[PDB]
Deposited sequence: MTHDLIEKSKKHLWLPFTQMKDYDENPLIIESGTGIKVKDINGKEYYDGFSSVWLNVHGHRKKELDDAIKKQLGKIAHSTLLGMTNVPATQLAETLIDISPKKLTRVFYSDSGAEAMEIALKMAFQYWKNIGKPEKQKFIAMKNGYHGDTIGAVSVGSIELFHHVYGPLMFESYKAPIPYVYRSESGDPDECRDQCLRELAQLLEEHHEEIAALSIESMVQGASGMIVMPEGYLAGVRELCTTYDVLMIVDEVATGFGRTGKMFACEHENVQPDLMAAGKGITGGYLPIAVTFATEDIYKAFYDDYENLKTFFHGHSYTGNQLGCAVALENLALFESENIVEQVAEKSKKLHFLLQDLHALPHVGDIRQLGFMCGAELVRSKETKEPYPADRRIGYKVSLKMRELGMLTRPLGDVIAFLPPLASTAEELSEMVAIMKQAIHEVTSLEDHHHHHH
């Protein structure tokens, strides 16, 4: 009846409940990079619990640090005071992140880390003495507007040409309006929910140049892409960018608990530092900010990154997956395949010559994902882009098994 009960009471995030009612799924537990439902059936975790599960479920040394931190204290506040593991994690996060990012402002979630970034950005200009700086630049498809080098559906198909066109179009937009912009928000290297659109080489760097040149702050959303995943600690390493502000989460705790961070340059911190009377204080916060348990599990997740060398591991297991996922090209209705590190997606198309998309009512992304659930694998389709973002743990043979279960399930339905 737990199934029956999940229909009566819940209301699930980013899902249409009529499709859940027709196909229920309730997990009980999980081990390694797998999970088990309540009428015991086991799956892979192809979407690593939506882009946050680093070393699998039941990982020993994370289960360890939570238990330990229950030994001391589970939650005390960061409002006006602080606590030990937040204080320690902060130090670790300053060292493992771009050098210009000196500060750290915690919150419960990715979206909260970005809203926080926007609010610092807006409030920084207001503090220093340039209130004109209000407007923002969203990057088209960004989960004013500026376009992102989406080269597969471009005019020339050429990365460098698409890139430089997107840079130029941004540059024109900055040329004309910069003296009223405050900040620019961009996902670090890969637009996630937009279909896993990898940015071509030199894009991010161009944005950084143009932001510096034009006195707009660069905000870099590293929530999906951070903590391994891209085959670096943070995806903005791939071009040596220092964001002015950067939002992080998901894989900060190993997958276990909800913590997020907003990193901030010291120049930015300084703008909010002054006597209380002036109302310069950044007035933002949440009540479970600096959770001891979250900070403790994240500290040991951050230790594992350094000891078990999980980042460098990922960069070698990717190469394997470069060719092993180029094997998807063989299938007829799989018009493009993208990756950066473990961050992977296969865009489905009706015609390879025309790259024509399927209709969205033909439901092909979702219909595929149900057939993986048939064959013991879990993912989420972004439209008709099937996502493949598996645990960083996941060994090169599982990396290989999933990709076939994926490929098998695509072909089974994409023939229809």
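- In this chain, the deposited residues that lack C-alpha positions fall in the ranges 1-3, 147-173, 447-454.
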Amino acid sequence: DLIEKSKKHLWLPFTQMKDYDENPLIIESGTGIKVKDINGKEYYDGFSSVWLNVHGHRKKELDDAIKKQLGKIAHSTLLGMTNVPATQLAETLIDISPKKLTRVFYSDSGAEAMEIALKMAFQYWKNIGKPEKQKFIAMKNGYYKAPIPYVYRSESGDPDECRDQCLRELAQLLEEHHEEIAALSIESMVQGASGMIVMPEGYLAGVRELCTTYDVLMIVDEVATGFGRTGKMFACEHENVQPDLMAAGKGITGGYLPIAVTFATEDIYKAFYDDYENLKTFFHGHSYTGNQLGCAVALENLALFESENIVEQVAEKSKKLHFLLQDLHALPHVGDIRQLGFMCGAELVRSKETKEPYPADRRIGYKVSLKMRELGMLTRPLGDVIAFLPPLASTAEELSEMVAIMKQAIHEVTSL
From here on, numbers count along this sequence of modelled residues.
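- With 332-340 and 212-220 compared on mean CA B-factor from the PDB entry, the stretch scoring higher is 332-340.
- Stretch comparison (78-86 versus 170-178) by mean CA B-factor in the PDB entry places 170-178 on top.
- You'll see in the entry that, of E115, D158, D244, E91, the Cα B factor peaks at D158.
- Sort the chain's modelled residues by C-alpha temperature factor and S351 lands in the highest third, per the entry.
- Residue-level temperature factors show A393 in the highest third of its chain, judged at the C-alpha atom.
- Per the PDB record, residue ranking by Cα B-factor puts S48 in the lowest third of the chain.
- When the CA B factors of the chain's modelled residues are split into thirds, the value for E266 lands in the lowest one.
- For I66, the recorded CA temperature factor ranks within the lowest third of the chain's modelled residues.
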